[PDB]
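The chain below stands alone and is given as structure tokens, in the form deposited in one PDB entry.
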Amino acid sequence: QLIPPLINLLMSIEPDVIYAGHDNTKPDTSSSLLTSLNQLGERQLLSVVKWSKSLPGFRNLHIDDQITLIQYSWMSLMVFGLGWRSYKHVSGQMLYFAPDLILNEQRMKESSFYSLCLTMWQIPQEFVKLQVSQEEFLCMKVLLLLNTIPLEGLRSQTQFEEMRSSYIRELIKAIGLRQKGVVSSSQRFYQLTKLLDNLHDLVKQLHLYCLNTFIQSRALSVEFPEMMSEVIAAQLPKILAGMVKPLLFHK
């Protein structure tokens, strides 16, 4: 009723529940956990591709641009969605990767990658502190898809600029749904966009761990499915080397 139409459209095209297909009747091993995380990843990737086809504005960018944005942003979209699920289903106090892959802190501690779990866990904790709304989350998730471009820019740079600006304007409207008053709503825009800026650094730790694990995947018995392997091979070294342009809302 009071919800802006683009936001209702964003809510309508959100994915259904995605399962990891993890055993759970067997004790965790570093290899089985990471394999399920990658299987979950492959499924989430498929879901991003489907979502992106319905995302207003996106289909009108050159196909190369679309592929590039998905390849740059997949880890940040996954970790943001994890943040949201963990916030909404478990009050932020477990990592809700999937309904069949939920790690409470004890399961994190016994994982082999406790510190990485803790890094990821920061996000749901920030959602709790900021009380991020569904409408703000939906807009912020679009901006993450649009949050890095090549050094040379995109083929459809003009159209990207219009689309990114439109979702920023939409995030502003989502904030205005609750944050009444110029000073509160102004501060809120700072905080939410600052959070997105801060994700670049958090995602860099995930990127490095993921790349090392991919390079060592045979030794470590971690499987990487096809689309996951393709995105990692295409872009992660270049992203880690800073040979792309992360977009920031603040200096």
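Each residue number is its position in the shown sequence, starting from 1. In this text, rigid core is short for the largest set of C-alphas that superpose within 1.5 Å between two forms.
This protein has a second form, the form solved in complex with a partner chain, left out of what is shown; the following refers to that one.
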Just one of 40, 70, 202, 196 has a heavy atom within 4.5 angstroms of its partner chain in the entry with it bound, so which one? 70
Among 45, 192, 34, 55, which has any heavy atom within 4.5 Å of its partner chain in the entry with it bound? 45
At 4.5 Å between heavy atoms, is residue 183 in contact with its partner chain in the entry with it bound? no
My question is simply whether residue 97 lines the interface with its partner chain in the entry with it bound - judged by any non-hydrogen atom within 4.5 Å. no
Given that its partner chain is not shown alongside this chain, does residue 59 nevertheless sit within 4.5 Å of it in the entry with it bound, heavy atom to heavy atom? yes
Against its partner chain in the entry with it bound, would residue 49 count as a contact residue? Criterion: heavy atoms within 4.5 Å. yes
Quick one: find which of 70 to 78, 135 to 143, 104 to 112, 175 to 183 has residues within 4.5 Å of its partner chain in the entry with it bound by heavy atom distance. 70 to 78
Would you say whether residue 9 is displaced between this form and the one not shown, judging by a C-alpha shift of 2 Å or more on the superposed rigid core? no
Establish whether a shift of 2 Å or more occurs at the C-alpha of residue 20 between this form and the one not shown, with the two forms superposed on the rigid core. no
Knowing the shift is 3 Å or more, I'd like to know if the C-alpha atoms of residue 239 and residue 117 are closer or farther apart in the entry with it bound than in the shown chain. closer
What direction does the residue 206-residue 239 Cα distance move in the entry with it bound compared with the shown chain, closer or farther, given a change of 3 Å or more? closer
